[PDB]
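Source file my_file_6.cif; content: mmCIF, N, CA and C atoms.
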data_structure
loop_
_atom_site.label_atom_id
_atom_site.label_comp_id
_atom_site.auth_asym_id
_atom_site.auth_seq_id
_atom_site.Cartn_x
_atom_site.Cartn_y
_atom_site.Cartn_z
N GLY M 1 100.11 3.53 30.64
CA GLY M 1 100.69 3.08 29.39
C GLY M 1 101.11 4.24 28.50
N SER M 2 101.11 4.01 27.19
CA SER M 2 101.50 5.04 26.24
C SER M 2 100.27 5.68 25.59
N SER M 3 99.35 4.84 25.12
CA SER M 3 98.13 5.32 24.48
C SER M 3 98.40 6.60 23.70
N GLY M 4 99.52 6.62 22.97
CA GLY M 4 99.87 7.79 22.19
C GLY M 4 100.23 8.98 23.06
N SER M 5 101.24 9.74 22.63
CA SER M 5 101.68 10.91 23.38
C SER M 5 102.37 11.91 22.46
N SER M 6 102.14 13.20 22.72
CA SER M 6 102.74 14.26 21.92
C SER M 6 104.11 14.65 22.46
N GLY M 7 105.11 14.64 21.59
CA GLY M 7 106.45 15.00 21.99
C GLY M 7 106.85 16.38 21.52
N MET M 8 107.20 17.25 22.47
CA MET M 8 107.60 18.61 22.14
C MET M 8 109.11 18.78 22.27
N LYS M 9 109.75 19.22 21.20
CA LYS M 9 111.20 19.43 21.19
C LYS M 9 111.54 20.88 21.51
N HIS M 10 110.87 21.44 22.51
CA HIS M 10 111.11 22.82 22.92
C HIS M 10 112.36 22.92 23.78
N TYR M 11 112.76 24.15 24.10
CA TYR M 11 113.94 24.38 24.92
C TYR M 11 113.58 24.45 26.40
N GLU M 12 114.49 23.98 27.24
CA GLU M 12 114.27 23.98 28.68
C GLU M 12 115.13 25.04 29.36
N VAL M 13 114.49 26.08 29.87
CA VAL M 13 115.19 27.16 30.55
C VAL M 13 114.73 27.30 32.00
N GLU M 14 115.61 26.93 32.92
CA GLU M 14 115.29 27.01 34.35
C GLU M 14 115.91 28.25 34.97
N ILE M 15 115.09 29.28 35.18
CA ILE M 15 115.56 30.53 35.77
C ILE M 15 115.77 30.37 37.27
N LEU M 16 117.03 30.20 37.67
CA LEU M 16 117.37 30.04 39.08
C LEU M 16 117.87 31.36 39.67
N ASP M 17 118.00 31.40 40.99
CA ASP M 17 118.47 32.60 41.67
C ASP M 17 119.99 32.64 41.71
N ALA M 18 120.54 33.84 41.86
CA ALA M 18 121.99 34.02 41.90
C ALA M 18 122.50 33.94 43.34
N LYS M 19 121.60 33.67 44.27
CA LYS M 19 121.96 33.56 45.68
C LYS M 19 121.53 32.22 46.26
N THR M 20 120.22 31.99 46.30
CA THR M 20 119.68 30.74 46.83
C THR M 20 119.53 29.70 45.73
N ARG M 21 119.81 30.11 44.50
CA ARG M 21 119.71 29.20 43.35
C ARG M 21 118.46 28.33 43.46
N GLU M 22 117.33 28.95 43.79
CA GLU M 22 116.07 28.23 43.93
C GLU M 22 115.22 28.38 42.67
N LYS M 23 114.57 27.29 42.27
CA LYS M 23 113.72 27.30 41.08
C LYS M 23 112.61 28.34 41.22
N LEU M 24 112.67 29.38 40.39
CA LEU M 24 111.67 30.44 40.41
C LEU M 24 110.66 30.26 39.29
N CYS M 25 111.15 29.87 38.12
CA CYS M 25 110.29 29.66 36.96
C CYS M 25 110.91 28.65 36.00
N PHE M 26 110.06 27.82 35.39
CA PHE M 26 110.52 26.80 34.46
C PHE M 26 109.79 26.92 33.12
N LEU M 27 110.52 27.32 32.09
CA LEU M 27 109.94 27.48 30.76
C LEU M 27 110.45 26.40 29.81
N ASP M 28 109.72 25.30 29.72
CA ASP M 28 110.10 24.20 28.84
C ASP M 28 109.46 24.35 27.47
N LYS M 29 108.93 25.53 27.19
CA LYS M 29 108.29 25.81 25.91
C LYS M 29 108.87 27.07 25.28
N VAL M 30 110.19 27.21 25.33
CA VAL M 30 110.86 28.37 24.76
C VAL M 30 111.46 28.04 23.39
N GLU M 31 111.45 29.03 22.50
CA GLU M 31 111.99 28.84 21.16
C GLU M 31 113.51 29.04 21.15
N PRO M 32 114.19 28.30 20.26
CA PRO M 32 115.65 28.38 20.13
C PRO M 32 116.12 29.70 19.55
N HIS M 33 115.37 30.21 18.56
CA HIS M 33 115.71 31.47 17.92
C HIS M 33 115.31 32.65 18.80
N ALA M 34 114.59 32.36 19.88
CA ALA M 34 114.15 33.40 20.80
C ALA M 34 115.34 34.08 21.48
N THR M 35 115.36 35.41 21.44
CA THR M 35 116.44 36.17 22.05
C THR M 35 116.18 36.40 23.54
N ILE M 36 117.25 36.60 24.30
CA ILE M 36 117.14 36.84 25.73
C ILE M 36 115.98 37.78 26.04
N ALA M 37 115.85 38.83 25.25
CA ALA M 37 114.78 39.81 25.44
C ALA M 37 113.43 39.12 25.57
N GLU M 38 113.13 38.23 24.63
CA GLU M 38 111.86 37.51 24.64
C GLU M 38 111.70 36.71 25.93
N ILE M 39 112.78 36.06 26.35
CA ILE M 39 112.77 35.26 27.57
C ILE M 39 112.10 36.02 28.71
N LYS M 40 112.54 37.25 28.93
CA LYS M 40 111.98 38.09 29.99
C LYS M 40 110.46 38.18 29.88
N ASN M 41 109.99 38.54 28.69
CA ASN M 41 108.55 38.67 28.45
C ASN M 41 107.80 37.46 29.01
N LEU M 42 108.29 36.27 28.69
CA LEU M 42 107.66 35.04 29.16
C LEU M 42 107.45 35.08 30.67
N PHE M 43 108.55 35.15 31.42
CA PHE M 43 108.49 35.20 32.87
C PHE M 43 107.41 36.17 33.34
N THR M 44 107.19 37.22 32.55
CA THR M 44 106.19 38.23 32.88
C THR M 44 104.78 37.66 32.80
N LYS M 45 104.54 36.86 31.77
CA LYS M 45 103.23 36.24 31.57
C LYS M 45 102.61 35.85 32.91
N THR M 46 103.21 34.86 33.56
CA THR M 46 102.72 34.38 34.85
C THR M 46 102.65 35.51 35.86
N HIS M 47 103.79 36.16 36.09
CA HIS M 47 103.87 37.26 37.04
C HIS M 47 103.98 38.60 36.32
N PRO M 48 102.84 39.25 36.09
CA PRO M 48 102.78 40.54 35.40
C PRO M 48 103.37 41.67 36.24
N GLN M 49 103.15 41.61 37.55
CA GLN M 49 103.66 42.62 38.46
C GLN M 49 105.16 42.79 38.30
N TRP M 50 105.84 41.71 37.92
CA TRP M 50 107.28 41.74 37.74
C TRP M 50 107.64 42.19 36.32
N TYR M 51 108.28 43.35 36.21
CA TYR M 51 108.67 43.88 34.92
C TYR M 51 110.08 43.43 34.55
N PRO M 52 110.42 43.54 33.25
CA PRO M 52 111.73 43.15 32.74
C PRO M 52 112.84 44.10 33.20
N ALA M 53 112.48 45.36 33.39
CA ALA M 53 113.44 46.37 33.83
C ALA M 53 114.17 45.91 35.09
N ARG M 54 113.60 44.92 35.77
CA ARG M 54 114.20 44.40 37.00
C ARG M 54 114.89 43.06 36.74
N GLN M 55 114.10 42.07 36.32
CA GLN M 55 114.63 40.74 36.04
C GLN M 55 116.00 40.83 35.38
N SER M 56 117.04 40.45 36.11
CA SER M 56 118.40 40.49 35.60
C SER M 56 118.94 39.08 35.36
N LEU M 57 119.12 38.73 34.09
CA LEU M 57 119.62 37.41 33.73
C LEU M 57 121.14 37.44 33.53
N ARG M 58 121.80 36.36 33.92
CA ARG M 58 123.25 36.26 33.78
C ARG M 58 123.68 34.82 33.55
N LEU M 59 124.53 34.61 32.56
CA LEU M 59 125.02 33.27 32.23
C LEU M 59 125.67 32.62 33.45
N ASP M 60 126.15 33.45 34.38
CA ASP M 60 126.78 32.95 35.59
C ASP M 60 126.55 33.91 36.76
N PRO M 61 126.57 33.36 37.98
CA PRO M 61 126.36 34.15 39.20
C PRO M 61 127.53 35.09 39.49
N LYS M 62 128.61 34.93 38.74
CA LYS M 62 129.79 35.77 38.91
C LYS M 62 130.27 36.32 37.58
N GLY M 63 129.33 36.50 36.65
CA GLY M 63 129.68 37.03 35.34
C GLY M 63 129.12 38.42 35.11
N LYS M 64 128.32 38.57 34.06
CA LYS M 64 127.72 39.86 33.73
C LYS M 64 126.27 39.69 33.30
N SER M 65 125.60 40.80 33.03
CA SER M 65 124.21 40.78 32.60
C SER M 65 124.09 40.40 31.13
N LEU M 66 123.15 39.52 30.82
CA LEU M 66 122.94 39.07 29.44
C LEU M 66 122.27 40.17 28.62
N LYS M 67 122.41 40.08 27.30
CA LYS M 67 121.81 41.06 26.40
C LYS M 67 121.01 40.37 25.30
N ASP M 68 119.90 40.99 24.91
CA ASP M 68 119.04 40.43 23.87
C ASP M 68 119.87 39.77 22.78
N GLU M 69 120.92 40.46 22.33
CA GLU M 69 121.79 39.93 21.29
C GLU M 69 121.94 38.42 21.42
N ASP M 70 122.18 37.95 22.64
CA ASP M 70 122.34 36.53 22.89
C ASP M 70 121.07 35.76 22.55
N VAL M 71 121.23 34.52 22.10
CA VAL M 71 120.09 33.69 21.74
C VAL M 71 120.20 32.30 22.37
N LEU M 72 119.06 31.64 22.54
CA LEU M 72 119.02 30.31 23.13
C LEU M 72 119.76 29.31 22.24
N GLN M 73 120.10 29.73 21.03
CA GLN M 73 120.80 28.87 20.09
C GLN M 73 122.22 29.37 19.85
N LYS M 74 122.46 30.64 20.16
CA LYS M 74 123.77 31.24 19.99
C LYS M 74 124.59 31.14 21.27
N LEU M 75 123.91 31.12 22.40
CA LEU M 75 124.58 31.03 23.70
C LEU M 75 125.41 29.75 23.79
N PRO M 76 126.44 29.78 24.65
CA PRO M 76 127.33 28.63 24.85
C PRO M 76 126.63 27.48 25.57
N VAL M 77 125.31 27.43 25.46
CA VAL M 77 124.53 26.38 26.10
C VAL M 77 123.77 25.55 25.07
N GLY M 78 123.17 24.45 25.52
CA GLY M 78 122.42 23.59 24.62
C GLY M 78 120.92 23.70 24.84
N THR M 79 120.21 22.61 24.55
CA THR M 79 118.76 22.59 24.71
C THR M 79 118.36 23.05 26.10
N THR M 80 119.13 22.65 27.11
CA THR M 80 118.85 23.03 28.49
C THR M 80 119.69 24.23 28.91
N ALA M 81 119.10 25.42 28.82
CA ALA M 81 119.80 26.64 29.20
C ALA M 81 119.50 27.02 30.65
N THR M 82 120.47 27.65 31.30
CA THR M 82 120.31 28.06 32.69
C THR M 82 120.58 29.56 32.86
N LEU M 83 119.61 30.26 33.43
CA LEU M 83 119.74 31.70 33.64
C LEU M 83 119.65 32.04 35.12
N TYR M 84 120.46 33.00 35.56
CA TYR M 84 120.47 33.42 36.95
C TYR M 84 119.78 34.76 37.13
N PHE M 85 118.89 34.84 38.12
CA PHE M 85 118.16 36.07 38.39
C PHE M 85 118.82 36.87 39.51
N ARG M 86 118.76 38.19 39.41
CA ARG M 86 119.35 39.06 40.41
C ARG M 86 118.41 40.21 40.77
N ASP M 87 118.01 40.26 42.03
CA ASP M 87 117.10 41.30 42.51
C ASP M 87 117.75 42.68 42.40
N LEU M 88 117.02 43.63 41.82
CA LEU M 88 117.53 44.99 41.65
C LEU M 88 117.00 45.91 42.75
#

As structure tokens - that is how I would like this structure written.
Amino acid sequence: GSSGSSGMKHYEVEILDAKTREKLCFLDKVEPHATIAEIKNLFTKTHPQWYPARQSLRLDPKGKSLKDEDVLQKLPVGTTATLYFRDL
């Protein structure tokens, strides 16, 4: 049933691969004002061994590398943002 439930209006960011486009990490608790830079930090939480200096995010698999400047609210995306990872 329902028996009461807490609703979170957080952002949904599914970090997929730029090759196999396979779900690597799902952050449904990201802030809108959070800058790309912060995004990286998160992914690190779970996997500390993986540093940001590597994790390469890109709005598209055939575009360019994203920059902190960009924001989950400034980007040409909505509540559900999609980022592509690229092995360095």

Ground truth for the PyMOL selection byres ((chain M and resi 79) around 6.5), written as a VMD selection string: chain M and resid 10 to 13 77 to 78 80 to 81

Selection: 7 Å around range 23-32 of chain M, all atoms listed in the file, excl. self and same-chain fewer than 3 positions, as a PyMOL selection string: chain M and resi 10-17+20+35+71-74

Residues in the PyMOL selection byres ((chain M and resi 57-64) around 8), expressed as a ChimeraX atom specification: /M:17-19,54-56,65-67,82-86

Grab the residues selected above and save them as a PDB file, keeping the file's coordinate frame with N, CA and C atoms.
ATOM      1  N   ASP M  17     118.000  31.400  40.990  1.00  0.00           N
ATOM      2  CA  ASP M  17     118.470  32.600  41.670  1.00  0.00           C
ATOM      3  C   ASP M  17     119.990  32.640  41.710  1.00  0.00           C
ATOM      4  N   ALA M  18     120.540  33.840  41.860  1.00  0.00           N
ATOM      5  CA  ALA M  18     121.990  34.020  41.900  1.00  0.00           C
ATOM      6  C   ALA M  18     122.500  33.940  43.340  1.00  0.00           C
ATOM      7  N   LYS M  19     121.600  33.670  44.270  1.00  0.00           N
ATOM      8  CA  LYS M  19     121.960  33.560  45.680  1.00  0.00           C
ATOM      9  C   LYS M  19     121.530  32.220  46.260  1.00  0.00           C
ATOM     10  N   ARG M  54     113.600  44.920  35.770  1.00  0.00           N
ATOM     11  CA  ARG M  54     114.200  44.400  37.000  1.00  0.00           C
ATOM     12  C   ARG M  54     114.890  43.060  36.740  1.00  0.00           C
ATOM     13  N   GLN M  55     114.100  42.070  36.320  1.00  0.00           N
ATOM     14  CA  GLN M  55     114.630  40.740  36.040  1.00  0.00           C
ATOM     15  C   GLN M  55     116.000  40.830  35.380  1.00  0.00           C
ATOM     16  N   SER M  56     117.040  40.450  36.110  1.00  0.00           N
ATOM     17  CA  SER M  56     118.400  40.490  35.600  1.00  0.00           C
ATOM     18  C   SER M  56     118.940  39.080  35.360  1.00  0.00           C
ATOM     19  N   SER M  65     125.600  40.800  33.030  1.00  0.00           N
ATOM     20  CA  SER M  65     124.210  40.780  32.600  1.00  0.00           C
ATOM     21  C   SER M  65     124.090  40.400  31.130  1.00  0.00           C
ATOM     22  N   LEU M  66     123.150  39.520  30.820  1.00  0.00           N
ATOM     23  CA  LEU M  66     122.940  39.070  29.440  1.00  0.00           C
ATOM     24  C   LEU M  66     122.270  40.170  28.620  1.00  0.00           C
ATOM     25  N   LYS M  67     122.410  40.080  27.300  1.00  0.00           N
ATOM     26  CA  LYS M  67     121.810  41.060  26.400  1.00  0.00           C
ATOM     27  C   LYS M  67     121.010  40.370  25.300  1.00  0.00           C
ATOM     28  N   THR M  82     120.470  27.650  31.300  1.00  0.00           N
ATOM     29  CA  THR M  82     120.310  28.060  32.690  1.00  0.00           C
ATOM     30  C   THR M  82     120.580  29.560  32.860  1.00  0.00           C
ATOM     31  N   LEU M  83     119.610  30.260  33.430  1.00  0.00           N
ATOM     32  CA  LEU M  83     119.740  31.700  33.640  1.00  0.00           C
ATOM     33  C   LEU M  83     119.650  32.040  35.120  1.00  0.00           C
ATOM     34  N   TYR M  84     120.460  33.000  35.560  1.00  0.00           N
ATOM     35  CA  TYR M  84     120.470  33.420  36.950  1.00  0.00           C
ATOM     36  C   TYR M  84     119.780  34.760  37.130  1.00  0.00           C
ATOM     37  N   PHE M  85     118.890  34.840  38.120  1.00  0.00           N
ATOM     38  CA  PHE M  85     118.160  36.070  38.390  1.00  0.00           C
ATOM     39  C   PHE M  85     118.820  36.870  39.510  1.00  0.00           C
ATOM     40  N   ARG M  86     118.760  38.190  39.410  1.00  0.00           N
ATOM     41  CA  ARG M  86     119.350  39.060  40.410  1.00  0.00           C
ATOM     42  C   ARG M  86     118.410  40.210  40.770  1.00  0.00           C
TER      43      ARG M  86
END

Where is the centre and how long are the edges: axis-aligned box on range 19-38 of chain M, 4 Å on each side, Å to one decimal, as AutoDock Vina command-line options:
--center_x 115.1 --center_y 32.0 --center_z 32.4 --size_x 21.7 --size_y 23.6 --size_z 36.9

Please compute the CA of residue 8 in chain M-CA of residue 49 in chain M distance, one decimal, in Å. 29.3 Å

CA of residue 75 in chain M and CA of residue 43 in chain M, how far apart in Å? 19.0 Å

Could you add the missing atoms to range 27-47 of chain M, up to N, CA, C and O atoms, and return them as a JSON list (two decimals), keeping the file's coordinate frame?
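Wrote out.json, looks like this:
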[["chain", "number", "residue", "atom", "x", "y", "z"],
["M", 27, "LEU", "N", 110.52, 27.32, 32.09],
["M", 27, "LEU", "CA", 109.94, 27.48, 30.76],
["M", 27, "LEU", "C", 110.45, 26.40, 29.81],
["M", 27, "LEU", "O", 111.49, 26.57, 29.17],
["M", 28, "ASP", "N", 109.72, 25.30, 29.72],
["M", 28, "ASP", "CA", 110.10, 24.20, 28.84],
["M", 28, "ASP", "C", 109.46, 24.35, 27.47],
["M", 28, "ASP", "O", 109.45, 23.41, 26.67],
["M", 29, "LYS", "N", 108.93, 25.53, 27.19],
["M", 29, "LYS", "CA", 108.29, 25.81, 25.91],
["M", 29, "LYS", "C", 108.87, 27.07, 25.28],
["M", 29, "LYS", "O", 108.13, 27.91, 24.75],
["M", 30, "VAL", "N", 110.19, 27.21, 25.33],
["M", 30, "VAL", "CA", 110.86, 28.37, 24.76],
["M", 30, "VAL", "C", 111.46, 28.04, 23.39],
["M", 30, "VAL", "O", 111.91, 26.93, 23.16],
["M", 31, "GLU", "N", 111.45, 29.03, 22.50],
["M", 31, "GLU", "CA", 111.99, 28.84, 21.16],
["M", 31, "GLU", "C", 113.51, 29.04, 21.15],
["M", 31, "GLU", "O", 114.06, 29.82, 21.92],
["M", 32, "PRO", "N", 114.19, 28.30, 20.26],
["M", 32, "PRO", "CA", 115.65, 28.38, 20.13],
["M", 32, "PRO", "C", 116.12, 29.70, 19.55],
["M", 32, "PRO", "O", 117.13, 30.26, 19.97],
["M", 33, "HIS", "N", 115.37, 30.21, 18.56],
["M", 33, "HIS", "CA", 115.71, 31.47, 17.92],
["M", 33, "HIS", "C", 115.31, 32.65, 18.80],
["M", 33, "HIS", "O", 115.65, 33.80, 18.50],
["M", 34, "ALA", "N", 114.59, 32.36, 19.88],
["M", 34, "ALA", "CA", 114.15, 33.40, 20.80],
["M", 34, "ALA", "C", 115.34, 34.08, 21.48],
["M", 34, "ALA", "O", 116.22, 33.41, 22.02],
["M", 35, "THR", "N", 115.36, 35.41, 21.44],
["M", 35, "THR", "CA", 116.44, 36.17, 22.05],
["M", 35, "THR", "C", 116.18, 36.40, 23.54],
["M", 35, "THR", "O", 115.03, 36.40, 23.98],
["M", 36, "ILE", "N", 117.25, 36.60, 24.30],
["M", 36, "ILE", "CA", 117.14, 36.84, 25.73],
["M", 36, "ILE", "C", 115.98, 37.78, 26.04],
["M", 36, "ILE", "O", 115.22, 37.55, 26.99],
["M", 37, "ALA", "N", 115.85, 38.83, 25.25],
["M", 37, "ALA", "CA", 114.78, 39.81, 25.44],
["M", 37, "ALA", "C", 113.43, 39.12, 25.57],
["M", 37, "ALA", "O", 112.68, 39.38, 26.51],
["M", 38, "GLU", "N", 113.13, 38.23, 24.63],
["M", 38, "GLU", "CA", 111.86, 37.51, 24.64],
["M", 38, "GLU", "C", 111.70, 36.71, 25.93],
["M", 38, "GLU", "O", 110.63, 36.68, 26.53],
["M", 39, "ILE", "N", 112.78, 36.06, 26.35],
["M", 39, "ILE", "CA", 112.77, 35.26, 27.57],
["M", 39, "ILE", "C", 112.10, 36.02, 28.71],
["M", 39, "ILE", "O", 111.21, 35.49, 29.39],
["M", 40, "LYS", "N", 112.54, 37.25, 28.93],
["M", 40, "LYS", "CA", 111.98, 38.09, 29.99],
["M", 40, "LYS", "C", 110.46, 38.18, 29.88],
["M", 40, "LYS", "O", 109.74, 37.92, 30.84],
["M", 41, "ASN", "N", 109.99, 38.54, 28.69],
["M", 41, "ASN", "CA", 108.55, 38.67, 28.45],
["M", 41, "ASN", "C", 107.80, 37.46, 29.01],
["M", 41, "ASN", "O", 106.80, 37.62, 29.72],
["M", 42, "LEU", "N", 108.29, 36.27, 28.69],
["M", 42, "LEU", "CA", 107.66, 35.04, 29.16],
["M", 42, "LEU", "C", 107.45, 35.08, 30.67],
["M", 42, "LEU", "O", 106.32, 35.05, 31.15],
["M", 43, "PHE", "N", 108.55, 35.15, 31.42],
["M", 43, "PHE", "CA", 108.49, 35.20, 32.87],
["M", 43, "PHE", "C", 107.41, 36.17, 33.34],
["M", 43, "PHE", "O", 106.79, 35.98, 34.39],
["M", 44, "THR", "N", 107.19, 37.22, 32.55],
["M", 44, "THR", "CA", 106.19, 38.23, 32.88],
["M", 44, "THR", "C", 104.78, 37.66, 32.80],
["M", 44, "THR", "O", 103.94, 37.93, 33.65],
["M", 45, "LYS", "N", 104.54, 36.86, 31.77],
["M", 45, "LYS", "CA", 103.23, 36.24, 31.57],
["M", 45, "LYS", "C", 102.61, 35.85, 32.91],
["M", 45, "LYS", "O", 101.61, 36.43, 33.34],
["M", 46, "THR", "N", 103.21, 34.86, 33.56],
["M", 46, "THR", "CA", 102.72, 34.38, 34.85],
["M", 46, "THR", "C", 102.65, 35.51, 35.86],
["M", 46, "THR", "O", 101.60, 35.80, 36.43],
["M", 47, "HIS", "N", 103.79, 36.16, 36.09],
["M", 47, "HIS", "CA", 103.87, 37.26, 37.04],
["M", 47, "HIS", "C", 103.98, 38.60, 36.32],
["M", 47, "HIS", "O", 105.07, 39.05, 35.96]]
